[PDB]
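> Got a structure for you, structure-v7.txt, holding compact mmCIF, N, CA and C atoms.
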```
# COMPACT_ATOMS: atom_id res chain seq x y z
N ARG G 1 -13.56 -6.30 -27.17
CA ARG G 1 -13.14 -6.00 -28.54
C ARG G 1 -11.63 -5.78 -28.60
N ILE G 2 -10.91 -6.74 -28.04
CA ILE G 2 -9.46 -6.67 -28.03
C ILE G 2 -8.97 -6.05 -29.33
N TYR G 3 -9.55 -6.50 -30.43
CA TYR G 3 -9.19 -6.00 -31.74
C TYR G 3 -7.77 -6.43 -32.12
N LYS G 4 -6.82 -6.05 -31.28
CA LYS G 4 -5.43 -6.39 -31.52
C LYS G 4 -5.27 -7.91 -31.50
N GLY G 5 -5.90 -8.53 -30.52
CA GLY G 5 -5.84 -9.98 -30.38
C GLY G 5 -7.08 -10.64 -31.00
N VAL G 6 -7.31 -10.30 -32.26
CA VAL G 6 -8.45 -10.85 -32.98
C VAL G 6 -8.13 -12.28 -33.42
N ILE G 7 -8.99 -12.81 -34.28
CA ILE G 7 -8.81 -14.16 -34.78
C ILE G 7 -7.67 -14.17 -35.81
N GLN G 8 -7.76 -13.23 -36.74
CA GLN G 8 -6.75 -13.12 -37.79
C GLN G 8 -5.36 -12.94 -37.16
N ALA G 9 -5.36 -12.39 -35.96
CA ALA G 9 -4.11 -12.15 -35.25
C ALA G 9 -3.26 -13.43 -35.28
N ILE G 10 -3.95 -14.55 -35.43
CA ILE G 10 -3.27 -15.84 -35.48
C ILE G 10 -2.29 -15.85 -36.65
N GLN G 11 -2.62 -15.07 -37.67
CA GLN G 11 -1.78 -14.98 -38.85
C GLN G 11 -0.32 -14.75 -38.45
N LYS G 12 -0.15 -14.21 -37.25
CA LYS G 12 1.19 -13.94 -36.74
C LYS G 12 2.05 -15.19 -36.91
N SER G 13 1.40 -16.34 -36.82
CA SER G 13 2.10 -17.61 -36.95
C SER G 13 2.71 -17.72 -38.35
N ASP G 14 2.03 -17.11 -39.31
CA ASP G 14 2.49 -17.13 -40.69
C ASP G 14 3.69 -16.19 -40.83
N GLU G 15 3.70 -15.16 -40.01
CA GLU G 15 4.78 -14.19 -40.03
C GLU G 15 6.05 -14.79 -39.43
N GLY G 16 5.90 -16.00 -38.90
CA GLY G 16 7.03 -16.69 -38.30
C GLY G 16 7.85 -15.75 -37.42
N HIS G 17 7.24 -15.34 -36.32
CA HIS G 17 7.91 -14.43 -35.39
C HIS G 17 9.37 -14.86 -35.22
N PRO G 18 10.21 -13.86 -34.86
CA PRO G 18 11.63 -14.12 -34.65
C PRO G 18 11.87 -14.85 -33.33
N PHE G 19 11.96 -14.06 -32.27
CA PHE G 19 12.19 -14.62 -30.94
C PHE G 19 12.26 -13.51 -29.89
N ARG G 20 13.06 -12.49 -30.20
CA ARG G 20 13.22 -11.37 -29.29
C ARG G 20 11.90 -10.62 -29.13
N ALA G 21 11.11 -10.64 -30.19
CA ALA G 21 9.82 -9.97 -30.17
C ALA G 21 8.96 -10.54 -29.04
N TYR G 22 9.14 -11.83 -28.80
CA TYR G 22 8.40 -12.50 -27.75
C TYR G 22 8.94 -12.14 -26.37
N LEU G 23 10.26 -11.98 -26.31
CA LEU G 23 10.91 -11.63 -25.06
C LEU G 23 10.32 -10.33 -24.53
N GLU G 24 10.21 -9.35 -25.42
CA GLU G 24 9.67 -8.06 -25.05
C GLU G 24 8.31 -8.23 -24.37
N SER G 25 7.64 -9.32 -24.72
CA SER G 25 6.33 -9.61 -24.16
C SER G 25 6.41 -9.62 -22.63
N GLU G 26 7.63 -9.76 -22.13
CA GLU G 26 7.86 -9.79 -20.70
C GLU G 26 7.34 -8.50 -20.06
N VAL G 27 7.34 -7.44 -20.85
CA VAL G 27 6.88 -6.15 -20.38
C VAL G 27 5.35 -6.16 -20.28
N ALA G 28 4.74 -6.89 -21.20
CA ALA G 28 3.29 -7.00 -21.23
C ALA G 28 2.82 -7.84 -20.03
N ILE G 29 3.46 -8.99 -19.87
CA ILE G 29 3.12 -9.88 -18.77
C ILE G 29 3.30 -9.14 -17.44
N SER G 30 4.36 -8.35 -17.38
CA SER G 30 4.65 -7.59 -16.18
C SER G 30 3.44 -6.74 -15.79
N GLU G 31 2.80 -6.17 -16.80
CA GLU G 31 1.63 -5.34 -16.57
C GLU G 31 0.45 -6.20 -16.10
N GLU G 32 0.31 -7.35 -16.74
CA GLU G 32 -0.76 -8.27 -16.40
C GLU G 32 -0.52 -8.88 -15.02
N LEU G 33 0.73 -9.28 -14.79
CA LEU G 33 1.10 -9.88 -13.52
C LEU G 33 0.53 -9.05 -12.38
N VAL G 34 0.75 -7.74 -12.46
CA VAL G 34 0.27 -6.83 -11.44
C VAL G 34 -1.26 -6.88 -11.41
N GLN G 35 -1.84 -7.05 -12.59
CA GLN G 35 -3.29 -7.11 -12.71
C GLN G 35 -3.81 -8.42 -12.13
N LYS G 36 -2.93 -9.41 -12.10
CA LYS G 36 -3.29 -10.72 -11.56
C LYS G 36 -3.74 -10.56 -10.11
N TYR G 37 -3.20 -9.55 -9.46
CA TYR G 37 -3.53 -9.28 -8.07
C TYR G 37 -5.03 -9.49 -7.82
N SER G 38 -5.80 -9.30 -8.88
CA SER G 38 -7.24 -9.46 -8.79
C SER G 38 -7.58 -10.84 -8.22
N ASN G 39 -6.81 -11.82 -8.65
CA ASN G 39 -7.01 -13.19 -8.20
C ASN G 39 -6.75 -13.27 -6.69
N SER G 40 -5.85 -12.42 -6.24
CA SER G 40 -5.50 -12.38 -4.83
C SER G 40 -6.74 -12.08 -3.99
N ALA G 41 -7.79 -11.65 -4.67
CA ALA G 41 -9.04 -11.32 -4.00
C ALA G 41 -9.54 -12.55 -3.24
N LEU G 42 -9.29 -13.71 -3.83
CA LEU G 42 -9.71 -14.96 -3.22
C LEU G 42 -8.72 -15.35 -2.13
N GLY G 43 -8.48 -14.42 -1.23
CA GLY G 43 -7.55 -14.65 -0.13
C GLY G 43 -6.12 -14.30 -0.54
N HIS G 44 -5.66 -14.96 -1.60
CA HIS G 44 -4.32 -14.72 -2.11
C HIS G 44 -3.82 -15.98 -2.83
N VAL G 45 -3.25 -15.75 -4.01
CA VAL G 45 -2.73 -16.85 -4.81
C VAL G 45 -1.89 -16.28 -5.95
N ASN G 46 -2.54 -15.49 -6.79
CA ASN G 46 -1.86 -14.89 -7.92
C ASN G 46 -0.91 -13.80 -7.42
N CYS G 47 -1.31 -13.17 -6.32
CA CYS G 47 -0.51 -12.11 -5.73
C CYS G 47 0.89 -12.67 -5.46
N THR G 48 0.94 -13.96 -5.18
CA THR G 48 2.20 -14.62 -4.90
C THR G 48 3.14 -14.50 -6.10
N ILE G 49 2.55 -14.52 -7.28
CA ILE G 49 3.33 -14.42 -8.51
C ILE G 49 3.81 -12.97 -8.68
N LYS G 50 2.98 -12.05 -8.22
CA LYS G 50 3.30 -10.64 -8.31
C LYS G 50 4.69 -10.40 -7.71
N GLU G 51 5.02 -11.21 -6.72
CA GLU G 51 6.31 -11.10 -6.06
C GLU G 51 7.44 -11.13 -7.09
N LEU G 52 7.18 -11.84 -8.18
CA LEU G 52 8.16 -11.96 -9.25
C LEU G 52 8.54 -10.56 -9.74
N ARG G 53 7.52 -9.80 -10.12
CA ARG G 53 7.74 -8.45 -10.61
C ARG G 53 8.50 -7.62 -9.57
N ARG G 54 8.16 -7.85 -8.31
CA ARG G 54 8.80 -7.13 -7.23
C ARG G 54 8.71 -5.62 -7.45
```
Show me the file's structure as structure tokens.


Amino acid sequence: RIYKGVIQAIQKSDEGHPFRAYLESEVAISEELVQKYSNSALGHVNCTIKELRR
């Protein structure tokens, strides 16, 4: 129930996002990137990307 990332959330396209708002997303990805480690469970693969976050 993401809720935040619902279907209507697509409306964001209508809001014609600026640009910097997306950049900040880097903080979100950073959180996920670390979560990607889960993929590393399969020996290792996504963990390699984690290196980016350092």

> Around all the atoms of range 14-24 of chain G listed in the file, draw an axis-aligned box and extend it by 4 Å on each of the six sides; I want its centre and edge lengths in Å to one decimal, as lines of an AutoDock Vina configuration file.


```
center_x = 7.6
center_y = -12.6
center_z = -32.6
size_x = 19.2
size_y = 17.1
size_z = 24.5
```

> Tell me which protein, DNA and RNA residues are within 10 Å of range 28-30 of chain G, counting only C-alpha atoms, leaving out same-chain ones fewer than 6 positions away, and put them as an NGL selection string.

:G and (22 or 36 or 50 or 52-54)

> To one decimal place in Å, what is the distance between CA of residue 16 in chain G and CA of residue 34 in chain G?

29.4 Å
